[PDB]
């Protein structure tokens, strides 16, 4: 057993960026969340812990910055930039979501930050990338999703699309930025040289077009969302919610007969309509008539039964059925309970327990952990600067000029 403790990660992120550094913190890295004196903007978005709306009440902030210490530095101040450079001198990885050009314009380009630390990896997480026609311009979760092609797939026919929850434009970039960071870190261990890792939301989300790009390139077809191919990635209402069904794909034939087995065994009225080879071809499933009486037959039956019943009886008959789980279902999920996924940790700033999602992976030797409660603003400024060699007096003066902010 070992861990990442030898790696120091500076994490200068806000609403965009922070899951990447959390992945490093989860395996034991020394992760320092770097905020401005005005505070990480993720502190000011919900959902919230109860009726609290203060700087420690954002559930997202608590989740994405658990496992990190926190400092506050003003890079618009020359002495703040000097301290930032001293921090980078000792870091293996800098992850940041600054507006393109800002650090360069402050005299903090990658070449400056790595002048006395050749191994340094700098990972930039931005809506559109550090370079290119869109790089000068602002983006948000919704607008990156629009421009990447991802948002358009969340609907059918002429319907406006819906958004994915939890800012997936940001999360996709952050997850790939964690990967890129780790690849560059591995390369740096072996070569002695770091580099810049440029991960754009618009590109990370273009990774999630499924096959929409190939539909255009190969067939001149514009696709939208799944949901209207009979029995193939369709959603169906039931007594207490919705289920998701994949009873047939492509031209791969095993999958349908078990679904008919299920309907017959349950006495579904009109089950015999489904016992027909008209259902095996991608053009018929997507036909008006194929889809409509699929739903008539299935939903007459599903509408009388619970999500858990269909999950059970469906997987019992070997049909790829899952419930459309809400938050209550997630916390009650007996598989996640068996796996100990939910992590509960008392928060001394809130004076309460907070329950978090847990480990996404397991290792033979490494240990995943949630880590320390997310930092208060400037909570660790003093000790982190002391760790870089700053005297108690130098820290006081840095606070005095406004170059850093330490909590009181």
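Residue numbers count along the first chain shown, from 1.
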State which stretch shows the higher mean Cα B factor in the entry: 54-62 or 379-387.
-> 379-387
Would you determine, from the values in the PDB entry, which of 221-229 and 73-81 has the greater average C-alpha temperature factor?
-> 73-81
From the entry's CA B-factor values, the highest among 273, 121, 153, 147 is 273
For the listed 176, 137, 279, 215, which has the peak Cα B-factor recorded in the PDB entry?
-> 279
Residue 37: CA B-factor among chain residues, third -> highest
Among modelled residues of the same chain, the CA temperature factor third for residue 161 | lowest
Among the chain's modelled residues, which third holds the C-alpha B-factor of residue 102?
-> middle
Would you please rank residue 190 by its C-alpha temperature factor against the other modelled residues of its chain and give the third it falls in: lowest, middle or highest?
-> middle
Residue 242 - Cα temperature factor, lowest/middle/highest third of chain = middle
